[PDB]
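Quick setup: one chain, the form deposited in one PDB entry, written in structure tokens, and binding and motion questions come after.
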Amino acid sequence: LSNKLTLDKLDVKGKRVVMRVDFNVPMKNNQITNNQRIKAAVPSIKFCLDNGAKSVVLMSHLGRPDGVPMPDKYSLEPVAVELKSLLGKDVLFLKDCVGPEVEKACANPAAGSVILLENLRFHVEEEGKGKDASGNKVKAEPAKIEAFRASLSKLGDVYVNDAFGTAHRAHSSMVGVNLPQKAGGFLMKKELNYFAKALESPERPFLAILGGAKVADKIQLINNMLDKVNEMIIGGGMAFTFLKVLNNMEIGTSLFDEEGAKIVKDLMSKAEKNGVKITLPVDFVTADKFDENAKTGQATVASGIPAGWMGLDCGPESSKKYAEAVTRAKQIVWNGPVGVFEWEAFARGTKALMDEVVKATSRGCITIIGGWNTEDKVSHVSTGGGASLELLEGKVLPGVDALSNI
């Protein structure tokens, strides 16, 4: 899937390099709470510098500021401070990504310079559509989109896309850069290679672990995975839709997806025609409200969840059945959490499961994780949850397609 130009074939010596990266990291009080997407870009960045690049200009979005500049909430500045630590190299942060000032700054920087621009999405022209201060839904003008693209195009001599997390987005910085050479990066290459081998020639038994809040937005994924896997865990909030429909479990005020409820039968029938074993949870950590300090409880399918209470984690029997499926696997692809792991009271199911998967990695299992302390404890932690969900659904990655051929 990378019959295209890649960085390892790119002479960057004395070249300015504009690189699209995905530096859209989780944040709390403008404090980065996970730097994995940034660490992930370091190998492409270093190769350019090591190979005598004049400069490396990094460009990413952060969050969804919808085409309005929001420095107070969605600035990449924290990332520039984080990058400098992981690189051992000073990082010039620019408070914009286009226009005369940015263009001067990038025109001919000191050699070995590393520039990080401000959030791309502060301009309506990155996405091609924005919003304003009520619902005010804005359309981007074609001539402004071209001027935006032409301005990014000025900031390097060659272009690199290492933004695997964003590969599913057909945005200006993903598809619009007009440079003769547009190469895929080492991340974009590694991500595509782990998924392509997983999907094209899997080790078996092949286990998919799928979690998430609702069913209806995962049909095509589940559908597609059922054609490939030997086993599948359906975990998290979506499990309650399956359990209501299949077991008439009383689920309290748990998540119930009404659309997906209507096709659960079609999913189980496909699974069964394919000989795929579905593992669903059989017990729960419940809570009197969607809250980190909710009073906790416990339930099984047999007991039901009391009224006013909702399941936010699976219970120890469920973790045990999960572990049994993980033990059988020679290959595991895990996307979506199986409880509200953000909250400690509702983390034990996700942590228990991660321990098994980690342990699986040590006996030689292929473990692909999506999106604590993993990263070296599994085969592949992926930087693109949302991007990789579209890979698995067989969909088009504009960010990969817009790359130069061979």
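One-based numbering along the sequence shown. Under this definition, the rigid core comprises the largest set of C-alpha atoms superposing within 1.5 Å between the forms. Residues that one form lacks are left out of the comparison.
Not pictured, yet referred to below: the form deposited in another entry.
Aligning on the rigid core, do we see the C-alpha of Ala261 shift 2 angstroms or more between this form and the one not shown?
For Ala261, whose C-alpha is compared between this form and the one not shown after core superposition, the shift is 2 Å or more.
Would you tell me if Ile219 moves between this form and the one not shown by 2 Å or more at its C-alpha, with the rigid core held superposed?
Shift of 2 Å or more: yes.
Any idea whether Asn224 and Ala198 get closer or farther by CA distance in the other entry, knowing it moves 3 angstroms or more?
Relative to the displayed form, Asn224 and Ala198 move farther apart in the other entry - a change of at least 3 Å between their C-alphas.
After the core superposition, state the residue ranges of at least 3 consecutive residues in which each CA shifts by 2 Å or more between this form and the one not shown.
Shifted segments: 132-135, 201-369, 372-380.
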